[PDB]
């Protein structure tokens, strides 16, 4: 009897009431900029899946301000071209969703500029491929920047005029990712690559398995499927999702709730706080793709059931309602980091993650 649209809307209102800065057309300037990008993605997705337009004016306002040349990276010349390739990739994908919502070629063009900017930091001379995250420094090829890039080129393969150059890039980038060793022996993705001191060969650095690194890659494989109709892409995506769902890998609790590795120690930082909702949103994309690619009515049920199970735990154990006043009539819902542990405080990354989960159930 849960309304995921109603709850997503209350979570976005809570996000806006506590964290939106009208003077800055941004959420929480005291929180990383890339998470304003994620929040924009969540709000855009809400509107797409629910058919609402309630936050369109706000979303356009954020885009018009945040696409300006960044005060901390003016050489990027704005259009979300930032000092890290993953920061750029979050906003680029948000503009892909904006394009899907509106049909306005302006947003697609931004996505195209972002792809060309990110590709500047692809090299074949280290690790056989992939891009660096850290543009000034060029020391780390990690999972998330390369998953964002892959999902971006795969998305442009379905939407842009030179579709064939993008689909080549996407197939080459997926081949590189799969061969990098970052997907480990239980089909989960570790944080990035290390480089051998003597030989220059790269290997899985065995840093943690973060939920958003099991999630952006699913959206990328879903887009590769759509560009090629080759179900092998869904089969790979399903193996990664199936490993997240399996309690033996510890991302999923014995009560079946998605759990960041840092929750136990109560050490989830501003970044890690947003990871879960990113995985959720991408898992919903995979489920929709699997259910569509087949005639079996049970197709994608476990993904759908998983998302429901998480929604209901978050709803029940991790929610807090804003206190309306005689002056501020604002109403909505506030969320903490653990989708099962108790509510202690809300932050903007925790809130954006929460919206992602409700939007994945619309």
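Numbering follows the first chain given and starts at 1.
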Checklist line | Selected stretch [higher average CA B-factor]: 157-165 or 92-100 | finding: 157-165
Note to self: Regarding 37-45 and 316-324, which shows the higher C-alpha temperature factor on average in the entry?
What the structure shows: 316-324
Next item on the list: In terms of CA temperature factor as recorded, identify the highest of 183, 194, 221, 290.
Entry: 290
Next item on the list: Among the candidates 142, 171, 213, 199, give the one with the maximum CA B-factor reported in the record.
Entry: 199
Margin query: Ranking the modelled residues of this chain by C-alpha B-factor as given in the entry, is residue 67 in the lowest, middle or highest third?
Written below: lowest
Note to self: Looking at the temperature factor on the CA atom of residue 254, which third of the chain's modelled residues does it land in?
What the structure shows: highest
Note to self: Please say which third, lowest, middle or highest, residue 77 falls into when its CA temperature factor is compared across its chain.
What the structure shows: middle
Checklist line | Where the record places residue 136 (Cα B-factor, split into thirds across the chain) | finding: middle
Next item on the list: Can you work out whether the C-alpha temperature factor of residue 265 puts it in the lowest, middle or highest third of the chain?
Entry: highest
